[PDB]
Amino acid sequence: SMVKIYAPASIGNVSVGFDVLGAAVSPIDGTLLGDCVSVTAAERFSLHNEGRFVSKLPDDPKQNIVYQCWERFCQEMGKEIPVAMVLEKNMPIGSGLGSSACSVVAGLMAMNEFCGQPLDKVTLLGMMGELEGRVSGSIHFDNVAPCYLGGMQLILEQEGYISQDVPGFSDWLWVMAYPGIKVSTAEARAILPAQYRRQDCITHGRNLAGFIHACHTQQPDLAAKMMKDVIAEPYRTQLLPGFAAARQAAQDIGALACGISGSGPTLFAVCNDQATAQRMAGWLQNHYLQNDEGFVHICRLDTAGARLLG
């Protein structure tokens, strides 16, 4: 009896909603962009790591994100659940693709499914954000909630639910460009300023309020014009060599919007046809990548979220 979960890549913030908005992504070609966790019965607990980025994981086994999921799930159960766990780390660490969230969602969903769904959505998702906090020093739900539930998730920390779904535009493609370098979630958060001018908070509000209003009324142009982040982007693009050039070209080529994915350095660019997305994807390969570890994938929203493979 093996349970194997695929936790997809996700865009934090989505460049208009820092800490309260996120979207799971799926490349159109059918390739998997995510991390995987397997759970099987055993006498004693073991964890082994596989995949392309195994060597990037912690040297301290107890500080592994997937180990900490199991310890947290067992606490919730009141008992230790002996399993052979395997993490397959196919996503780069600190890249902007929801890497820590993939490993949290996959591990906690893997354990909850193995045990027969004892925990409900709100508890488990609350536990997922809990573990994001220990990773970056801050609880936030904008990567785990879409990784988990799929689509675009708006974070609304209410008694009955952590998030609700936001309607998208079926036309929109999301060209994702990981440049081959990493930024820590923690460092990219601490370099944010402690204070902002009143008018930035008025404008941030208007921007988010218009973006949401546009999604529910299905006005894609307006939506793109409201996709502006005055909170984190101005202070983070200094850590993204080449981003500002990417944005200039993105306009020239005809993307509807361009932005940082989570804390970066991965970028995303919105296009509303296949011809535009292909040109954008071609350019980013040629110009946004900093080395051979980088990649580009034309994506759409993943409406499934994390799921069972086997």
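Position 1 is the first residue in the sequence shown; the rest follow in order.
J.: Hey, which bit's got the bigger mean C-alpha B factor in the entry, 195-203 or 214-222?
T.: The recorded data point to 214-222.
J.: Would 246-254 or 28-36 have the larger average of its C-alpha temperature factors, as given in the entry?
T.: The recorded data point to 28-36.
J.: Would you mind finding, among 180, 133, 118, 146, the residue with the largest C-alpha temperature factor in the entry?
T.: So the option with the highest C-alpha B-factor is 118.
J.: Between 16, 20, 301, 289, let me know which has the highest C-alpha B-factor in the entry?
T.: Among 16, 20, 301, 289, the highest C-alpha B-factor in the entry belongs to 301.
J.: Per the entry's values, where does residue 233 land by CA temperature factor relative to the rest of its chain, in the lowest, middle or highest third?
T.: Answer is middle: the recorded C-alpha B-factor places it there.
J.: Residue 266: which third of its chain by C-alpha temperature factor?
T.: Middle third, going by the recorded CA B-factors of the chain.
J.: Would you please rank residue 278 by its C-alpha temperature factor against the other modelled residues of its chain and give the third it falls in: lowest, middle or highest?
T.: For residue 278, whose C-alpha B-factor we compare with every modelled residue in the chain, the answer is the highest third.
J.: State the tercile, meaning the lowest, middle or highest third, of residue 168 with respect to the CA B-factors recorded for its chain.
T.: Tercile = middle for this residue's CA B-factor.
J.: Is residue 138 in the lowest, middle or highest third of its chain when residues are ranked by C-alpha B-factor?
T.: Within its chain, residue 138 is a middle-third residue by C-alpha B-factor, going by the deposited values.
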